[PDB]
């Protein structure tokens, strides 16, 4: 509930950006706060304010700050694919992710340090977020399957390589091989057995952290596994 805001400073003697956001006009950022809250990577979500480093914040659900769910979704997508689940953990990626989050909350960049490689970093993030909307060709379908008999289901949308986890009820085995979902169900399987193919396996509730009038900080956890799913109608006979 009550959490201290920690930081790691990114300072290379470089003006990272010259930006404007709300009342804050033509502000030069010559260092960057990489925020942590209780071990977890956080982002500033009010680009016109300074954060209260070292102070006790109160955690509340992200919806207290932002009503619009599509925005809340997008902010968690950018956090997730941009940095937390990204292969590149560099200071530059963190900054790019923070900067992209800030673009959605009204920040405008007049100057950007060329060494960020910002446009290329941003583009790869938006591609990852857009691809996460795509679902398998068998998404939401019901398919009959006899107990014992191994079934194969082809995803003609070419999305199964993005699957990070598989949930199945007891008595159902489900594996991925290329664009094929390989399935077998036994007598312990329920009559309608749903397989979930998750894109995200570190799902949680996104929190906003507030200390006084200082900058609000988000632990922007994705709250949806973004699964393609398929329901098997298990034939007992």
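Residue numbers count along the first chain shown, from 1.
- Comparing the deposited coordinates for 179-187 and 65-73, the stretch with the larger average C-alpha B-factor is 65-73.
- Taking the mean C-alpha B-factor of each stretch as recorded, 56-64 and 169-177 are not equal, and the higher mean is that of 56-64.
- Comparing the listed residues 80, 164, 135, 127, the entry records the largest Cα B-factor for 127.
- Listed residues 116, 85, 100, 154 were ranked by CA B-factor as deposited; 116 comes out on top.
- Annotation for residue 43: C-alpha temperature factor in the lowest third relative to the rest of the modelled chain, per the entry.
- When the modelled residues of the chain are ordered by C-alpha B-factor, residue 217 sits in the middle third.
- Among the modelled residues of its chain, residue 16 has a C-alpha B-factor that falls in the middle third according to the deposited record.
- When all modelled residues of the chain are sorted by CA temperature factor, residue 192 is found within the middle third.
- Per the PDB record, residue ranking by Cα B-factor puts residue 142 in the middle third of the chain.
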